[PDB]
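Student: Experimental structure and its sequence below.
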Amino acid sequence: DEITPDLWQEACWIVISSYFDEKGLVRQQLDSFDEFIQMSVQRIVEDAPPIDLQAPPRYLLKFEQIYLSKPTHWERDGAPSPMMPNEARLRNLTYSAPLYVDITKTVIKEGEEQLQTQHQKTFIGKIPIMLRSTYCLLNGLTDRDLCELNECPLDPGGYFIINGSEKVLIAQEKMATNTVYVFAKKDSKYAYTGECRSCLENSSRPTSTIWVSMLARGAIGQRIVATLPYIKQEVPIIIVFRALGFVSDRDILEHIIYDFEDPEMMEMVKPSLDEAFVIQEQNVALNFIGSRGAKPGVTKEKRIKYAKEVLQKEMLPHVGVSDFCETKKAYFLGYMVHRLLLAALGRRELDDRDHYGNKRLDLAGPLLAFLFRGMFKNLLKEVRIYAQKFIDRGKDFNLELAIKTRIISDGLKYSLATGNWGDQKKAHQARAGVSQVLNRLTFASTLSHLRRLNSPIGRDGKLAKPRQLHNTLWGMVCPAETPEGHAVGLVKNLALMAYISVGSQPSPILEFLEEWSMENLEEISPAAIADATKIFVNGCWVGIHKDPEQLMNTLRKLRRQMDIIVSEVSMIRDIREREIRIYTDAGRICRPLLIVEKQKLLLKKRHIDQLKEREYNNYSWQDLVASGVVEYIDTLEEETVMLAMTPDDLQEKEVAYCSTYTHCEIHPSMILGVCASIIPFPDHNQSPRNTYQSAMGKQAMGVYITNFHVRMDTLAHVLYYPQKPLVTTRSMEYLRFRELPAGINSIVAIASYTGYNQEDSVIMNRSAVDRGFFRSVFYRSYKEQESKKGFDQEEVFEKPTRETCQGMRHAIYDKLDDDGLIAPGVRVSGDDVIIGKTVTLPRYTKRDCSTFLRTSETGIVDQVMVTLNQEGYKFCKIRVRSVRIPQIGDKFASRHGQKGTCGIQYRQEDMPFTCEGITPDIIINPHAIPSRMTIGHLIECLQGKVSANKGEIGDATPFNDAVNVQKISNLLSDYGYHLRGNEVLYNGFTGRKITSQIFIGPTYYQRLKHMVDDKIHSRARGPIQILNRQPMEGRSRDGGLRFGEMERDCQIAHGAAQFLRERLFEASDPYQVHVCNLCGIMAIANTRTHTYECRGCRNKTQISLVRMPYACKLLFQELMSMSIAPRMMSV
Amino acid sequence: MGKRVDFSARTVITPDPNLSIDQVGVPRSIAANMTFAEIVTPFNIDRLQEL
Amino acid sequence: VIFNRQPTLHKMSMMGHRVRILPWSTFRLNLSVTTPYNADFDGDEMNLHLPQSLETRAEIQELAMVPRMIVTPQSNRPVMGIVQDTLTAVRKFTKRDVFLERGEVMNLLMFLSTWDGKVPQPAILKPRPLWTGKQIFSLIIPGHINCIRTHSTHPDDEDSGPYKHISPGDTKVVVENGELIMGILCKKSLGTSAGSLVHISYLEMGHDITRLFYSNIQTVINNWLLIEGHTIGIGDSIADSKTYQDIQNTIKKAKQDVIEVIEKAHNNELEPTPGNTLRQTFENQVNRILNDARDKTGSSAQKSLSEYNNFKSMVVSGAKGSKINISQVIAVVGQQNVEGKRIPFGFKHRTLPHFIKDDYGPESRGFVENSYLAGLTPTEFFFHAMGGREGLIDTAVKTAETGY
Amino acid sequence: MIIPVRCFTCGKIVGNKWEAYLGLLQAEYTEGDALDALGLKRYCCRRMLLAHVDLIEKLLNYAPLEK
Amino acid sequence: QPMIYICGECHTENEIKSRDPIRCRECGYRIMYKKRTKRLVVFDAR
Amino acid sequence: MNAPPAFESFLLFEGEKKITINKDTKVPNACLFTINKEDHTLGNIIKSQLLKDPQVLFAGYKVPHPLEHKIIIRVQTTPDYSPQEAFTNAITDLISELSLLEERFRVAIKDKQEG
Amino acid sequence: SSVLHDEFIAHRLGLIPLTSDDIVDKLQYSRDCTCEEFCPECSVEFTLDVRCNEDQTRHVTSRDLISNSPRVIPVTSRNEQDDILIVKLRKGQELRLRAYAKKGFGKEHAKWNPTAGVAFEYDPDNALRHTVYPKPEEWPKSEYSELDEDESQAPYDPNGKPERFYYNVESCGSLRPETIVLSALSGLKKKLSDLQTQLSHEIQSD
Ligand SMILES: [Mg+2]
Ligand SMILES: [Zn+2]
Ligand SMILES: [Zn+2]
Ligand SMILES: [Zn+2]
Ligand SMILES: [Zn+2]
């Protein structure tokens, strides 16, 4: 029955494999989008108010149902056809499906003359579709079906195709809503502040933040204030309580202080009462609120109405926005004050801003919902204006012409295309970085980009606290994978078994709590709240309970049986403070864990047995979760959980550590993400090395996707001979690194050989490189289109001619065909022409606008595709193919942060060799190891020697006590090798033995995208910028290198004044001006007629020539634009 | 204070134990792109005509 | 040309070089001139500027050329020295038991630019002619400079007792009349510190002679290292069973000591020291115990090393690494700190959900009692990732303020 | 994508051994014994056969451009 | 002169002249590919 | 972009001499032989054969740059001898050694195939 | 029409070994041939023409490389070891090419390297101490060692020189191993002979 330790390493990984058979790696994206389409769009459409318009006749126009068909495309003839994602990629279409809404317009004029007209399936917009979602044509297709459609079966999906560009929505971090968080700002007028970003269940407005603060000590005592929304002045809490109908001080403290035996709380609230005694009735308090507001009505009536509306709608919407909810709002605001007092009295800890239990991940669904709310509101507005301008004339109108569908369509398309998350007009208030271009450089880069999280703290911020790896990231975020540049700690990555909750309605839970012995908050007396336990659901205090323990037992049993409580519902019992917080909302990152009985796992051997035959008896992960054996625990419920790292922790020990565990890790290696799960032995490296590899696995070459032959990507690198690593971890089985690997096993020798590998460099074998070692192919796609925008000027693909075309370069166009397009198989060098495009003029009647190769490439045309774009003019894509043979300067890396460029390449006779004539493919310098402490590199090399000599694949899973260095060495000594991986090598040049026995063996190396040929650049009098006549910027522009301020300072320190003048004047922008010797302002010179005159001074004899930079002339002219007179006085 | 300049080049750096400390190993393509305006004299008339 | 690397921090980040046209498409640099540029070959790119007039060319040739840039005015010492392979190899080469044969000596003399063509009389004539590494470095050393240094492993109680001028360990470098009379050369003798051989060469001999000195050390020593070889592998990370038992006993005793301090604090048997609160005093005691454990285990690992250990070779020469790195690879990685304190209670009174509440023990708060060869446990792995994230954040955040 | 022709290290021909290697593996050989049967004694050639991923078999799941 | 293209879906060799919408005559598919040139490209097997 | 053709390691450029002899002025009876388009294969054997001559006082070689394709062999002999004569005799001796080795390998192969 | 681009196929064809035993001495380098781009005196013509019409995958192997010269053929195609795989083809895919094979050696490209490993060793017992084992007991014995198992390495020989070099020359297939050794000795001897000829011209010209 029990899984014994000897079977555990199989059982756990069997369980893990079942998880990845059920979910995958992009499950969060697909589930978010599915919830958005199934629920969020319908909720948004129904939550909009019916637009009642009347001059008389009236019309309501109620939207009642939505229909999202499959993705289709409409040609110029208008025939709807099912559009495949690959066709969208090739034709630069948007993989979107039409959204139709049912509309009901009832005519009501007078005399009960009512009649309803329903417009079924009114086309309301087009919604882009996430690939492999339920509403994707690739849904449920087999691998054969996907291959029939020219799709990769290993492609995870989880992205959109907008204008042929694959866009991926990055999950955005945000502070959780409807939760009270008591912080303390050191530099502020308030000692303590308790904030609550409140938002109603079905979002319709932004988060309304309410603060309840305490004024810092230094009138008599500490005063509690409340910064309500839409009010620009602090308001005493007692005033707010009275404005809600609680005038008696006893009632207010009944709502705030639940234990009247506690004078500390009492004296700390007393200043607030003493400050609010002149105001003693609800109307006066409402008038005070309205007066403190930023729109103080001259008459107290409208002041009181405004205060009523604010306290009913903007104050704590999550508690309830309807009327008669003042009791719930009073209880909740009293809870906020109670929490603030507990913090000020030291009875509760301040809340941690960085705790991921306090955060939420805004995924594709809830982000598209924000867009859709804004866009549907704008659409209903436009419909209101259109219908109003017609009914004002007293006649009917056609809603089909009122609905301008471009709002929703173009809005979603623009937002996903650019990443600016918001309305196109508010292009600066909008937050960019959402919806990035999917990284297709290697399969690991694609997976990681699809599992990418973002902390929008702002890269400019230099506070390290949000960048720090918090304790609560354990199991939810990769500890290693993070960019090492300016976004350290802000851009994160999901751990492998991390699941972001999609969201759920609290209705069944609340109903069960009602049927259960919970007492509502309006029905109780406050005297009961002392000993009772509060119950919050999605932040709303809904009631109280008397035995929280057996309530938690009941709820956990219900969630483990897949009863009314769904698996993703978090249920935290804080014991010391008697809250029970239940969460069903979306964005809660959680992970699966094995539940533990008294001191035993519930995962018995029968579950492993049924999981082994997963493909026959359809016993899956969901059956494991439904059995009550596995549980999803979120960051906030982990605080109440006692984990076992392994079932070995559940053994009874000579001194028991815990003996009351509640859960167990499925495997600790699941704390790593996609790119860190490729590192072998990451627990033997320094952690920065693991981070650098997690970044560098994403630039590694491989086969980024199986269907690369049909993709017209702008840039693509494919390795000739990718190999799976000889030394692998058990997590790559689910990353599909074995099916799409990104490196080669290289016989690497760590040695000092000729000095060409010093300081992070490598010596490669020229003979191996000749045999296809780390050879790659680079595919570059050029796009072009001939626009017939108007009869004024039209472009067209056609072989240009020297007699008709004007802007025709001296390059030869013979490689083009009469259609103007080069043919596949044609070898093209730099500056060559691949598309001959000519544009009609207003060298006559047509000008050359041909597409050249990006300079200095020298490839062969791989293929040419011709089609029609969305509007329907001819559209061409040409993929050119360039074989990249590794060379000096190309960057290579192992899986341990050990990067370096090729210093030199030696032939096989020049490389050092073992007694059996094995030469290293790569030689790396021993000095790269000691400071870096990448012992995982050495253990991987030794394990790889054992694996190659044994005919197996080494197990480098991080935390594995069945694999240590002594075992690997003992294994290697059985194959006739030195047990530590050393060998006697001979000098290739002289054949003499090397005195020091070299450490050599197979290690998995990666070829990175950074090849020297894509970086080398030179300039000598090339093109210049228009504004300031200085060299351009970039290799692509044939630009010059920037001689910056620091270079100026260095050369000033050198004392090299002529070199400094050459760099900053003569090699950048030499220029001449003519200055009036009297006024010092630039004069008018006419060198052809030799007439120089200053219009200002009315002189034409006292002019002087001045040699100045063009940028300085431009500066002085831009100062004269500002009415400044910079007078260059030559005397 | 800082600006783009002509007669500049940039590429990846690489070790070379066989250069002196004051030498830099330059590719032939960078050197073929970059030029130095040498004044003609009877001392260099022949060499510069050769070039 | 002027050769530059960004960020251009000081005047040595832009130096004058003479162009050497070579086949492939990278900028090839000498390895001594990498420290001034702060340049390594992990994909770094550098900028070449070509002066376009005889006046600017003369300016760079007389002011900014690299040999004129050997000594920096910042700290009146060399800015470039001998570096990784050449430094490990010159340390191995100038050991007392390095004997070169006639053919090997001629091979090395082929790579001396400043060689008068006279083979020196071998240090050993019979039974077989053998030159020593010091005897060839004496040919590399220029002029008649005189220099006294001490190898990094020089015992501090040797200059007092006898054998001061005849060192048993071949420490106490002595160069006289441009001959390495004795001593093992290392970072202290050929690095960028003040009073080293490269500095004294630049001060006594010109910048040209010093340029040749750098080049000759590199060429001769690299071509000898082709014979000697240098490596590193698992065998250098391993220690004997006695060392492992000593380290584990040290760690066990340290954890029992921390348990005793915890028990004292729990029983109110701990009184605070002046200038600190009780929490801070307890933290000081625990951190002192664990630092003592780390240092003792590191000393155990260091003494366990053989003379053939390649970690010890690179640390001794000063080419790369430190004794703390050896301790972390062999003995114990040690305490992980976030903001100068142990791992914070990021959960509620816990560092991770795997620990009990209010657990101030060493493993709970981020003491990695394993080495990198042993491998970190999952909690040690996460805490080490936290500590390393602190360094990454520091490196990425200090740059803007320091540049401003 | 396809089995290399030569071993990158020594230059031994491995191109003619992939199909035989697979046939030995379905014959219930261990990978080590299979590599021994094909005569791959240096761990470089064993690396070549043992770490190869036959991606061409997946690229042949797509219909060609011309019928 | 003919510029025969191949269909991305039906793989049909069909001739299309300039100023003609890009449509396969056999199945109407909108994406076409050019055929391999007849020019003689040489490879050093290296 | 900057890859030299692989034949440039073996093939002489037009007007480029296979071998050049330059008198070494530092010491008497010394010469520098700059041999183009050769490498350690001939340099090592020529040097080691020259070391077998008791009239040779110095024999060394170097490849000044691996990316370049020449070697320099420095030979110093006793005053009654010549470095050119020493180099010639070294090549003659290597040729005779290789001829003998080839004939003996042919004989050994014949014995092995026969019995 | 195969899934491997043209340079992939070309590179792959270059690495197929061709029987070179008696023909390599007769053929000339195209540098030395007085013909045009090609001729039968300096080159060998190969043709390959395969089309997958059947439903099973067609293995285009080295057996499909048809030569004009019967003496120079792919080694695997010589009259066991299977044929080297050039490319796998799917129904409707087709590969038709025309190759020319030339004379060269491994300095120019590893495809002209005839060896599949050259094991070279000397002093199997570390008597010259050209290696220095920190722990000589830990190292396995060479196959050419003559030491009793208690002895880890031979006693140091101060008067010793490297003699008795052991070789294991494995052939890729193009040449026989003994032909590789004989051709190596002849090539080294002709390198030295050419060097001596040029030396004599330089000495007499001075
Ligand atoms: Mg660098
Ligand atoms: Zn004027
Ligand atoms: Zn091999
Ligand atoms: Zn068609
Ligand atoms: Zn010919």
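Tutor: The structure has been received and is ready for your questions. Numbers count the residues shown, from 1 in each chain, chains lettered A, B, ... in the order given. Ligands and ions are numbered 1, 2, ... in the order given.
Student: Measure how buried the closest residue to ligand 1 within the stretch 701-850 of chain A is and give me the count.
Tutor: Scanning the stretch 701-850 of chain A for the residue nearest ligand 1 gives residue A:760, at 6.8 Å (criterion: Cβ to the ion). The C-beta positions use only the backbone N, C-alpha and C, and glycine is treated the same way. Residues lying near residue A:760 (other Cβ atoms under 10 Å in any protein chain shown) number 24.
Student: roughly how far out does stretch A:1081-1091 sit from the chain middle?
Tutor: Relative to the chain's own centre, stretch A:1081-1091 is displaced by 59 Å; criterion: Cα atoms, centre = their mean, to the nearest Å.
Student: Mind checking if that stretch is in reach of ligand 2?
Tutor: No - Stretch A:1081-1091 lies out of reach of ligand 2 by Cβ under 5 Å from the ion, never closer than 5.7 Å.
Student: List the contacts of the residue in the stretch 101-250 of chain C that ligand 1 sits nearest to.
Tutor: Nearest residue of the stretch 101-250 of chain C to ligand 1: residue C:192, at 18.7 Å (Cβ to the ion). If a contact means Cβ atoms under 8 Å, 6 or more residues apart in numbering or on different chains, then residue C:192 has C:35, C:77-81, C:198 as its contacts.
Student: Just those residues: which are in strands?
Tutor: Among the contacts of residue C:192, the ones falling in strands (DSSP state E) are C:77-78.
Student: Buried members of the contacts of residue C:192 into ChimeraX, please.
Tutor: Buried residues within the contacts of residue C:192, by 16 or more other Cβ atoms under 10 Å in any protein chain shown, are selected in ChimeraX with:
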select /C:35,77,78,79,80,81,198
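Student: got the end-to-end distance for stretch C:329-347?
Tutor: 30 Å (Cα to Cα, to the nearest Å).
Student: Pull out the buried residues from it.
Tutor: For stretch C:329-347, the buried set under the neighbour-count rule, 16+ other Cβ under 10 Å, comprises C:329-338, C:342-347.
Student: from these, which two are the most distant?
Tutor: C:330 and C:347 (32.7 Å; Cβ to Cβ).
Student: Please enumerate the strands of chain G.
Tutor: Along chain G, counting by DSSP E, strands occupy G:44-51, G:58-61, G:66-67, G:85-89, G:94-101, G:115-122, G:165-171.
Student: coming back round to it: pick the one among the buried residues of stretch C:329-347 closest to chain D.
Tutor: Proximity of the buried residues of stretch C:329-347 to chain D, judged by Cβ to the nearest Cβ, is greatest for residue C:329, which lies at 26.1 Å.
Student: Which part of chain D gets nearest to chain E, residue-wise?
Tutor: Closest to chain E within chain D is residue D:67: 4.1 Å, counting by Cβ to the nearest Cβ.
Student: Then chain F?
Tutor: Scanning chain F for the residue nearest chain E gives residue F:6, at 7.8 Å (criterion: Cβ to the nearest Cβ).
Student: Now do the same contact list for that residue.
Tutor: Neighbour list for residue F:6: E:46, G:107-109 [criterion: Cβ under 8 Å, 6+ apart].
Student: separation between it and residue F:69?
Tutor: Distance from residue F:6 to residue F:69, counting by Cβ to Cβ, to the nearest Å: 11 Å.
Student: again with residue B:34
Tutor: The spacing between residue B:34 and residue F:69, counted by Cβ to Cβ, is 25 Å.
Student: Same check on residue C:20?
Tutor: Distance from residue C:20 to residue F:69, by Cβ to Cβ: 15 Å.
Student: Which of those two has more residues huddled nearby?
Tutor: When residue C:20 and residue F:69 are compared for neighbours, residue F:69 comes out ahead with 20 against 16, by other Cβ under 10 Å.
Student: these two touch, right, that one and residue F:40?
Tutor: No - applying Cβ atoms under 8 Å as the test, residue F:69 and residue F:40 come out as separate, 11.6 Å apart.
Student: Show me what the helix or strand containing residue F:103 is packed against.
Tutor: Counting by DSSP states H and E, the element that carries residue F:103 is helix F:83-114. Other helices and strands packing on helix F:83-114, by 3 or more Cβ pairs under 8 Å, 6 or more residues apart in numbering or on different chains; DSSP states H and E, are strand F:30-36, helix F:40-51, strand F:70-77, helix G:177-205.
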